[PDB]
Amino acid sequence: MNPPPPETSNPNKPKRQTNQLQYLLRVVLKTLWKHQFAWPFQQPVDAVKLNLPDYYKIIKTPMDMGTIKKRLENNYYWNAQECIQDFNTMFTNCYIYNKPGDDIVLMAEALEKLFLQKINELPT
Ligand SMILES: CCn1c2c(c(=O)[nH]c1=O)[C@H](c1ccc(C)cc1)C1=C(CN(CC3CCN(Cc4ccc([N+](=O)[O-])cc4)CC3)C1=O)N2
Ligand code: NA
């Protein structure tokens, strides 16, 4: 079975709008979302439908760009650091669960290279 997916809204979580967060949504997420390698990462990992039965025995902090996209669009975050941490978690899960040189790890590295490309231009 799959665990419950990460929340994308919470009536008890304080939130802000900042230029850094606008940048993360409009530049970083939108650029990675359209990438030809984005598709494994655009929704929570369905370990049943994808035939990764051990996935959630290993990965205890799931994250994906579909969740991140909705958190940004819903204004879930307080600061840019929280959003970067979610991206970092997504990539980490891929590198931890899969083995070095796995095709999916090669995909994640290309997306991560682009992610860092855009973060290097994050505004003040
Ligand atoms: C980030 C999580 N994640 C992932 C995977 C993983 O390995 N590790 C992870 O962490 C898996 C993975 C993703 C990409 C690549 C290049 C290799 C493996 C993996 C995903 C998504 N998905 C969808 C399909 C599954 C069906 N198809 C074979 C296939 C084709 C056609 C037919 N038909 O025509 O009928 C039948 C069967 C291969 C891909 C995966 O396979 N996510
Ligand atoms: Na911020």
# chains A, B, ... in the order shown; residues from 1 in each chain; ligands from 1

call {"tool": "residues_around", "arguments": {"residues": "stretch 50-63 of chain A", "least_positions_apart": "2", "cutoff": "7 Å", "atoms": "only C-alpha atoms", "output": "list in words"}}
result
residues 44, 46, 47, 48, 67, 86, 89, 90, 93 and 97 of chain A

call {"tool": "select_by_dssp", "arguments": {"residues": "chain A", "states": "alpha helix (DSSP H)", "output": "JSON, numbers by chain"}}
result
{"A": [19, 20, 21, 22, 23, 30, 31, 32, 33, 55, 56, 57, 58, 65, 66, 67, 68, 69, 70, 71, 72, 73, 80, 81, 82, 83, 84, 85, 86, 87, 88, 89, 90, 91, 92, 93, 94, 95, 96, 97, 103, 104, 105, 106, 107, 108, 109, 110, 111, 112, 113, 114, 115, 116, 117, 118, 119]}

call {"tool": "residues_near_ligand", "arguments": {"ligand": "ligand 2", "cutoff": "6 Å", "atoms": "only C-alpha atoms and all ligand atoms", "output": "list in words"}}
result
residues 18, 20, 21, 79 and 80 of chain A

call {"tool": "write_last_selection", "arguments": {"atoms": "C-alpha atoms", "output": "short mmCIF file (atom, residue, chain, number, x, y, z; two decimals), in the first residue's frame"}}
result
data_model
loop_
_atom_site.label_atom_id
_atom_site.label_comp_id
_atom_site.auth_asym_id
_atom_site.auth_seq_id
_atom_site.Cartn_x
_atom_site.Cartn_y
_atom_site.Cartn_z
CA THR A 18 8.30 36.45 -0.86
CA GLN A 20 12.36 34.16 -3.30
CA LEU A 21 9.25 31.97 -3.19
CA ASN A 79 10.18 30.78 3.36
CA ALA A 80 12.24 29.68 0.39
#

call {"tool": "closest_residue", "arguments": {"among": "A:103, A:73, A:7, A:109", "to": "ligand 1", "atoms": "only C-alpha atoms and all ligand atoms"}}
result
A:103

call {"tool": "closest_residue", "arguments": {"among": "A:36, A:85, A:74, A:117", "to": "ligand 1", "atoms": "only C-alpha atoms and all ligand atoms"}}
result
A:36

call {"tool": "atom_distance", "arguments": {"atom1": "atom 2 (C, counted along the ligand's line) of ligand 1", "atom2": "atom CA of residue A:116"}}
result
20.0 Å

call {"tool": "decode", "arguments": {"residues": "stretch 87-114 of chain A", "atoms": "N, CA, C and O atoms", "output": "mmCIF file, in the first residue's frame"}}
result
data_model
loop_
_atom_site.group_PDB
_atom_site.id
_atom_site.type_symbol
_atom_site.label_atom_id
_atom_site.label_comp_id
_atom_site.auth_asym_id
_atom_site.auth_seq_id
_atom_site.Cartn_x
_atom_site.Cartn_y
_atom_site.Cartn_z
ATOM 1 N N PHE A 87 12.614 20.116 -2.347
ATOM 2 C CA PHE A 87 13.346 19.662 -3.539
ATOM 3 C C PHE A 87 14.492 18.739 -3.139
ATOM 4 O O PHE A 87 14.701 17.665 -3.738
ATOM 5 N N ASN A 88 15.294 19.176 -2.165
ATOM 6 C CA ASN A 88 16.429 18.369 -1.721
ATOM 7 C C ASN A 88 15.965 16.983 -1.283
ATOM 8 O O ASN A 88 16.607 15.971 -1.593
ATOM 9 N N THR A 89 14.836 16.922 -0.560
ATOM 10 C CA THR A 89 14.326 15.632 -0.097
ATOM 11 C C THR A 89 13.957 14.729 -1.268
ATOM 12 O O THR A 89 14.288 13.540 -1.277
ATOM 13 N N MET A 90 13.209 15.268 -2.233
ATOM 14 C CA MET A 90 12.911 14.528 -3.469
ATOM 15 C C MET A 90 14.166 13.873 -4.081
ATOM 16 O O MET A 90 14.178 12.677 -4.448
ATOM 17 N N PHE A 91 15.179 14.697 -4.364
ATOM 18 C CA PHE A 91 16.403 14.166 -4.968
ATOM 19 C C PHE A 91 17.065 13.140 -4.055
ATOM 20 O O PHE A 91 17.487 12.072 -4.518
ATOM 21 N N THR A 92 17.152 13.440 -2.754
ATOM 22 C CA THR A 92 17.759 12.509 -1.801
ATOM 23 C C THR A 92 17.069 11.137 -1.855
ATOM 24 O O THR A 92 17.726 10.089 -1.861
ATOM 25 N N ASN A 93 15.748 11.134 -1.869
ATOM 26 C CA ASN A 93 15.030 9.857 -1.874
ATOM 27 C C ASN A 93 15.414 9.034 -3.092
ATOM 28 O O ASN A 93 15.614 7.823 -3.000
ATOM 29 N N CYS A 94 15.526 9.692 -4.244
ATOM 30 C CA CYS A 94 15.920 8.984 -5.462
ATOM 31 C C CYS A 94 17.330 8.412 -5.331
ATOM 32 O O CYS A 94 17.592 7.250 -5.715
ATOM 33 N N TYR A 95 18.264 9.211 -4.779
ATOM 34 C CA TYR A 95 19.638 8.713 -4.652
ATOM 35 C C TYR A 95 19.769 7.629 -3.587
ATOM 36 O O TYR A 95 20.692 6.810 -3.673
ATOM 37 N N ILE A 96 18.892 7.640 -2.568
ATOM 38 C CA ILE A 96 18.983 6.651 -1.486
ATOM 39 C C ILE A 96 18.353 5.338 -1.906
ATOM 40 O O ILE A 96 18.906 4.270 -1.657
ATOM 41 N N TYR A 97 17.157 5.404 -2.515
ATOM 42 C CA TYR A 97 16.426 4.181 -2.833
ATOM 43 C C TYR A 97 17.073 3.414 -3.981
ATOM 44 O O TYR A 97 17.129 2.173 -3.952
ATOM 45 N N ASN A 98 17.528 4.133 -5.014
ATOM 46 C CA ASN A 98 18.047 3.533 -6.231
ATOM 47 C C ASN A 98 19.554 3.367 -6.114
ATOM 48 O O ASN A 98 20.173 3.819 -5.158
ATOM 49 N N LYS A 99 20.143 2.694 -7.078
ATOM 50 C CA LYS A 99 21.564 2.416 -6.956
ATOM 51 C C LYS A 99 22.349 3.300 -7.905
ATOM 52 O O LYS A 99 21.805 3.783 -8.904
ATOM 53 N N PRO A 100 23.623 3.584 -7.597
ATOM 54 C CA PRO A 100 24.375 4.515 -8.435
ATOM 55 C C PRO A 100 24.362 4.026 -9.868
ATOM 56 O O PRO A 100 24.480 2.827 -10.134
ATOM 57 N N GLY A 101 24.133 4.961 -10.789
ATOM 58 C CA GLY A 101 24.127 4.618 -12.194
ATOM 59 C C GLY A 101 22.815 4.070 -12.714
ATOM 60 O O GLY A 101 22.721 3.783 -13.912
ATOM 61 N N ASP A 102 21.813 3.895 -11.846
ATOM 62 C CA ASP A 102 20.466 3.564 -12.286
ATOM 63 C C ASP A 102 19.980 4.656 -13.246
ATOM 64 O O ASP A 102 20.241 5.844 -13.040
ATOM 65 N N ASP A 103 19.257 4.265 -14.302
ATOM 66 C CA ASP A 103 18.739 5.265 -15.229
ATOM 67 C C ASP A 103 17.982 6.390 -14.494
ATOM 68 O O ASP A 103 18.104 7.575 -14.841
ATOM 69 N N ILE A 104 17.165 6.039 -13.489
ATOM 70 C CA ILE A 104 16.394 7.071 -12.799
ATOM 71 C C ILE A 104 17.328 8.005 -12.036
ATOM 72 O O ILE A 104 17.026 9.188 -11.866
ATOM 73 N N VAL A 105 18.481 7.498 -11.579
ATOM 74 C CA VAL A 105 19.436 8.356 -10.860
ATOM 75 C C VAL A 105 20.106 9.320 -11.832
ATOM 76 O O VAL A 105 20.308 10.501 -11.525
ATOM 77 N N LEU A 106 20.417 8.834 -13.022
ATOM 78 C CA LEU A 106 20.904 9.702 -14.091
ATOM 79 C C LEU A 106 19.882 10.777 -14.442
ATOM 80 O O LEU A 106 20.244 11.938 -14.683
ATOM 81 N N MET A 107 18.598 10.409 -14.526
ATOM 82 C CA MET A 107 17.574 11.440 -14.687
ATOM 83 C C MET A 107 17.566 12.433 -13.541
ATOM 84 O O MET A 107 17.530 13.649 -13.761
ATOM 85 N N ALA A 108 17.554 11.958 -12.309
ATOM 86 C CA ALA A 108 17.507 12.904 -11.201
ATOM 87 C C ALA A 108 18.711 13.848 -11.216
ATOM 88 O O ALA A 108 18.578 15.038 -10.892
ATOM 89 N N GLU A 109 19.886 13.339 -11.580
ATOM 90 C CA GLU A 109 21.072 14.204 -11.608
ATOM 91 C C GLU A 109 20.944 15.308 -12.647
ATOM 92 O O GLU A 109 21.393 16.435 -12.421
ATOM 93 N N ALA A 110 20.415 14.993 -13.827
ATOM 94 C CA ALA A 110 20.206 16.048 -14.805
ATOM 95 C C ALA A 110 19.211 17.085 -14.283
ATOM 96 O O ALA A 110 19.433 18.293 -14.423
ATOM 97 N N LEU A 111 18.127 16.645 -13.620
ATOM 98 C CA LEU A 111 17.190 17.623 -13.079
ATOM 99 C C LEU A 111 17.823 18.421 -11.964
ATOM 100 O O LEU A 111 17.557 19.621 -11.828
ATOM 101 N N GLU A 112 18.586 17.740 -11.095
ATOM 102 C CA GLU A 112 19.255 18.445 -10.022
ATOM 103 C C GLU A 112 20.276 19.437 -10.563
ATOM 104 O O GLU A 112 20.459 20.512 -9.986
ATOM 105 N N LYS A 113 20.976 19.095 -11.653
ATOM 106 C CA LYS A 113 21.905 20.080 -12.194
ATOM 107 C C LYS A 113 21.150 21.339 -12.612
ATOM 108 O O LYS A 113 21.595 22.461 -12.355
ATOM 109 N N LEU A 114 19.972 21.169 -13.207
ATOM 110 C CA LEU A 114 19.178 22.326 -13.620
ATOM 111 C C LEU A 114 18.646 23.078 -12.407
ATOM 112 O O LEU A 114 18.654 24.314 -12.377
#
